[PDB]
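Please treat every number below as a calculation from the coordinates, not as lab data.
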Amino acid sequence: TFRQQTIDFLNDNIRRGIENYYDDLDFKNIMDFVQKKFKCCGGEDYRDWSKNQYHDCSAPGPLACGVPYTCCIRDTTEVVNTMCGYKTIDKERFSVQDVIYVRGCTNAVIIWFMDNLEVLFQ
């Protein structure tokens, strides 16, 4: 299939990146970088954040069932704070799409690579 095998490659790494997100600032930086730059959240989609222990919807803290602020939309006139991705993982896309990115980063990075393929070399 290759294509599916490739998609699964990227999702598997950022599933790992999501679990190690607070554990290793290198996964954290990359993940916060990809999500801000490519406007995207999670690997398949924002609900992948359920896989980090603090973000599982049955966790105790305030991050439970929510998504990190590097997933939030910043192209608005309104002041965005660090709580902007709270309580989104179980809602329907259309209810959160005004607040956070919902498309996954795996696919977002691929089309970007394909659109800039010629540019990448020289």
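Counting only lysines at least 8 places from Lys91 when in the same chain, those with an alpha carbon closer than 21 Å to its own are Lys39, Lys51. Each Cα pair under 8 Å and six or more residues apart adds its separation to the average, and for the chain the resulting relative contact order is 26 percent.
In the chain, Rg over Rh equals 0.99, where Rg is the alpha-carbon radius of gyration and Rh the Kirkwood radius from pairwise Cα distances. Candidate cross-link partners of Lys37 among the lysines, defined by an alpha-carbon separation under 21 Å and a same-chain spacing of 8 or more, comprise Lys28.
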